[PDB]
Amino acid sequence: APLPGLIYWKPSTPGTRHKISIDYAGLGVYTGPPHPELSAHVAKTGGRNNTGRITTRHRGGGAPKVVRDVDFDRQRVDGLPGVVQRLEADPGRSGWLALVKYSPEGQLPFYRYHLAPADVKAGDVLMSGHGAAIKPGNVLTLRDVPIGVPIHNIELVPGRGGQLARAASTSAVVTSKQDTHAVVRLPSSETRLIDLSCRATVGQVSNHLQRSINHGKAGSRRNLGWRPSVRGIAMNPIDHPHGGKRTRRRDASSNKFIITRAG
RNA sequence: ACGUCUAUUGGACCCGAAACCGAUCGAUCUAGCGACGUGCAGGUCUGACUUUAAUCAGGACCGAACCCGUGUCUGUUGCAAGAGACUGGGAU
Ligand SMILES: [Mg+2]
Ligand SMILES: [Mg+2]
Ligand SMILES: [Mg+2]
Ligand SMILES: [Mg+2]
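Each chain carries its own residue count, running from 1 in the order of its written sequence; this scheme can depart from the entry numbering, and residues that have no coordinates do not appear. As they are written, the chains are lettered A onward and the ligands numbered 1 onward, keeping that order. Each value given relates to the chains shown, not to the larger assembly they are part of. To obtain the side-chain values, all non-hydrogen atoms of the structure were included, while hydrogens and water were left out.

You'll find chain A entered in the PDB entry as Ribosomal_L2_C domain-containing protein, with Chlamydomonas reinhardtii given as the organism. According to its PDB record, this entry is titled "Large subunit of the Chlamydomonas reinhardtii mitoribosome". UniProt positions are given in the numbering used here, feature names are shortened, and annotations may be inferred rather than shown by experiment. UniProt, in the comment section headed Subcellular location (unreviewed entry), describes chain A in these words: "Plastid". For the record of chain A, the UniProt heading Sequence similarities (unreviewed entry) holds the text "Belongs to the universal ribosomal protein uL2 family."

Set out below in structure tokens:
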């Protein structure tokens, strides 16, 4: 079944034989480097902490890391009409961002990066507040969003920004409205109670094609900063003992907010 | 008490381990990572863009610079405490 926005690489040689890549014609305005003041150039880490030893394994190498200042709260852009100039594709996240230009009355116009919902066309105007619309890309309080409409970029403690349901093609659903709790189904089929003063970016995150993508060769996934793994049974007993246990911290403070676990 | 001979504690007739415990120095060899910079002759095939036009992709192919070391032979206090010759593998 050919999806429209995927480049189906022809089997010319092994490696590009079973390779599927996302077309940048579906996202027509990705073209352009990251904005020169919304982005910096930070050194890559390689998986090593401040000591210098490896903490996370199988990481390192690849393209120069560029970091983008994505605004996950939209607190200081409340009540401001922001017209989306273009959509951008960052390699650091599964879902892609959306460049938004805000023109306030007393200040010169500026640009901000926010996560892109499914209904951004590089022409839409986004609005955030108590009185905002129900069209996708609006940030509303959990009280102002309906029951059963998909939402994303959810906060846990108000004023912190959006931390929940923000990967590619993911969304959360509000199913109940307890006065201070508001039971919400997180994308792992887990119900969590999120305070009503928290905010939800209404809509659904883009990059649904993320599941259908296929790096056909080791190099294309190695060039993303992923060094090769090694199986446990391929070693001597000193390195690994080769050749069903729940690991969440029990007696935590967040047991009170969850009704069912990740199903 | 002195002298001699044994005995015990001491390293205790002498020489000889593999060791164990601490805390110095070493990534100028080598393994990984990170920052900056540089290099890849000549051709061949396939796909795409634009064409009055001095553009891109493929862990593509043959092949020098370059990287590695498959087989055989030489060498074995050797030219070399791991080299040489000819075949080889990769070379956007
Ligand atoms: Mg005596
Ligand atoms: Mg040192
Ligand atoms: Mg050769
Ligand atoms: Mg050959």
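The subject of this paragraph is the packing of aromatic side chains. When the centres of two rings from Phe, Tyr and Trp lie within 6.5 Å, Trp using its six-membered ring, the rings pair. Their planes under 30 degrees apart give stacked, over 60 give edge-to-face, and anything left gives tilted. One pass over the full model with this rule turns up two aromatic pairs. Aromatic side chains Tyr24 and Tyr30 sit 4.5 Å apart centroid to centroid with 45° between the ring planes, which places their arrangement in the tilted category. Here's how the labels work: a residue is buried when its accessible area is under 20% of the maximum for its type, exposed when over 50%, partly exposed in between, all with a 1.4 Å probe on protein chains only. The class for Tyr24 is partly exposed, based on a relative accessible area of 40%. On the basis of relative accessible area, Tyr30 is assigned to the partly exposed category, the value being 30%. The ring of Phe72 has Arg166 lying over it, and the distance from NZ or CZ to the ring centre is 3.6 Å. By definition here, charges over rings are those cases where NZ of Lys or CZ of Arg is within 6 Å of the ring centre and within 35 degrees of the ring normal.

The environment of RNA strand B is formed by 17 residues, the closest being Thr16, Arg48, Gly61, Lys217 and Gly219. Proximity is defined per residue: if any heavy atom of the residue lies within 4 Å of a molecule or strand, that residue is considered near it. The sugar-phosphate share of atoms of RNA strand B within 4 Å of the protein amounts to 76%. Counted as a polar contact is a pair of N or O atoms within 3.5 Å, where, for protein atoms, one must be capable of donating a hydrogen and the other of accepting one, and residues adjacent in sequence contribute only when both atoms are in side chains. Taking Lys44, its main chain carries an N or O atom lying 3.2 Å from a phosphate oxygen of RNA strand B. Between RNA strand B and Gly219 there is a distance of 2.9 Å, counted from a base nitrogen to a backbone nitrogen or oxygen. When residues are grouped by polarity, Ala, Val, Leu, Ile, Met, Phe, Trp, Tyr, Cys and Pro land in nonpolar, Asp, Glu, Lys and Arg in charged, and all others, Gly among them, in polar. A class-by-class count of the residues in the surface near RNA strand B yields four nonpolar, nine polar and four charged.

This brings us to the side chain of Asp90. Structurally, the position occupied by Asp90 is in the loop between β5 (82–88) and β6 (97–102). On the accessibility criterion, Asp90 (6% relative accessible area) is buried. Side chain to side chain, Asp90 and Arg93 meet in a polar contact 2.5 Å long. In this structure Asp90 touches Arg68, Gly95, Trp96 and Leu97, once residues within four positions along its chain are discounted. Put simply, DSSP H or I for four residues or longer makes a helix, DSSP E for two residues or longer makes a strand, and each gets a number counted from the N terminus. A contact between two residues is defined here by any heavy atoms of the two lying within 4.5 Å.

Moving on, we get to the nonpolar core. One finds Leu142, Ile151, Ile154 and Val184 to be the most contacted residues of the largest nonpolar core, which totals 18 residues. At the level of secondary structure, the elements contributing two or more residues to this core comprise β11 (172–174), β12 (183–186) and β14 (199–202). Those residues within four positions of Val184 in sequence are excluded, and the remaining contacts are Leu142, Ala172, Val173, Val174, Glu190, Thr191, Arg192 and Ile194. To qualify as a nonpolar core, a set must consist of buried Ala, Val, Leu, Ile, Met, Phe, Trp, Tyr and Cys residues joined through side-chain atoms within 4.5 Å. Judged by nonpolar contacts, the second largest core, of 13 residues, contains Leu27, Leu80, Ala98 and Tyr102.

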